[PDB]
Colleague: 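Structure provided below as structure tokens; questions to follow.
One-based numbering along the sequence shown.
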Amino acid sequence: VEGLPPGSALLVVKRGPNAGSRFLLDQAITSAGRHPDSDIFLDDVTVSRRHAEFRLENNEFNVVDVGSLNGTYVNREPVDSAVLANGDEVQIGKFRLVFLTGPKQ
């Protein structure tokens with residue numbers, strides 16, 4: 001995705017309550033959950049208060065499950081963590097997201 005701040009990435013909701021919504025990943029830790037102060041607020045009972053984190057580490061974005069009830073899935077597989085690649089699908093509750101790489105630093 002050319003039109004993003006250098007070093008950032010984007011998560012797009014492909015399916016779910018807010019299909020079309022998208023969220024910038026441009027910080028060391030981006031929280032995703034039903035907690036009201038989540039950086040990515042996914043307000044559905046299928047989503048844990050603190051469900052996952054998108055972490056920027058060694059110039060790579062990783063998704064980390066932080067003890068969700070239903071799990072965090074990357075390409076349909078539940079993971080404790082995964083280094084994300086362009087086009088990877090991430091499922092958090094009933095939200096189906098795709099991870100898109102942005103421009104380099």
Colleague: Indicate yes or no: at least one non-hydrogen side-chain atom of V12 is less than 4.5 angstrom from one of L100.
Modeller: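 When only atoms from C-beta onward are counted, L100 and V12 do touch, with a gap below 4.5 Å.
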Colleague: Using atom types as modelled, flag every donor-acceptor pair under 3.5 Å from a side chain in residues 24-33 to any protein atom, sequence neighbours excluded.
Modeller:
unit_1, atom_1, unit_2, atom_2, d
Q27, NE2, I29, O, 2.7
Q27, NE2, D39, OD2, 3.3
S31, OG, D39, N, 3.0
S31, OG, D39, OD2, 3.2

Colleague: Keeping the roles fixed (side chain from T72, backbone from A52), state whether a donor-acceptor pair exists under 3.5 Å.
Modeller: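 Not confirmed, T72 side chain does not pair with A52 backbone.
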Colleague: With sequence neighbours excluded, tell me which residues meet salt bridge (charged side-chain N to carboxylate O under 4.0 Å, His left out) with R55.
Modeller: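 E53.
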Colleague: Looking only at heavy atoms, what is the nearest atom pair of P36 and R49, with distance?
Modeller: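 Where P36 meets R49 most closely, the heavy atoms are CD-NH1, 3.9 Å.
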Colleague: Give, for atom CG of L97 and atom OH of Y73, the distance between the pair rounded to the nearest 0.5 Å.
Modeller: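 Reported to 0.5 Å precision, the distance equals 14.0 Å.
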Colleague: Check whether any side-chain N or O of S68 sits under 3.5 Å from a backbone N or O of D65 as a donor-acceptor pair, and report yes or no.
Modeller: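 Not at all, since once roles are kept as given, no pair shorter than 3.5 Å links the two residues.
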Colleague: Which heavy atom of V13 sits nearest to which heavy atom of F95, and what is that distance?
Modeller: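 In this case the closest contact between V13 and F95 is CG1-CD2, 4.3 Å.
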Colleague: Rounded to the nearest 0.5 Å, how far does CD1 of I40 lie from CZ of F23?
Modeller: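 One gets 6.0 Å once the value is rounded to the nearest 0.5 Å.
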Colleague: Can you check whether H51's main-chain N or O pairs, donor with acceptor, with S48's side chain at less than 3.5 Å?
Modeller: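 Side chain of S48 to backbone of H51: no pair is present.
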Colleague: Quick one: does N75's side chain have a donor or acceptor within less than 3.5 Å of a partner on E89's backbone?
Modeller: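 Judged by distance alone, yes, a pair lies under 3.5 Å.
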Colleague: Indicate if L11 and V79 have the same hydrophobic cluster label, given that clusters are the connected sets of ILVMFWY residues with side-chain heavy-atom separations under 4.5 angstrom.
Modeller: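 In one cluster with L11: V79, yes.
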Colleague: Can you name the salt bridge (charged side-chain N to carboxylate O under 4.0 Å, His left out) partners of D44, sequence neighbours left out?
Modeller: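 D44 satisfies salt bridge (charged side-chain N to carboxylate O under 4.0 Å, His left out) with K94 once adjacent residues are dropped.
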Colleague: Out of curiosity, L10 CG to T101 OG1, how far, rounded to the nearest 0.5 Å?
Modeller: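 One finds 10.0 Å between CG of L10 and OG1 of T101.
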Colleague: Within the distance-only criterion (no hydrogens, no angle test), does the side chain of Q91 pair as donor or acceptor with the backbone N or O of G93 below 3.5 angstrom?
Modeller: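 It does hold such a pair.
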Colleague: With rounding to the nearest 0.5 Å, note down the distance linking CZ in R34 to CZ in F41.
Modeller: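 Answer for the CZ-CZ pair, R34 versus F41, is 9.0 Å.
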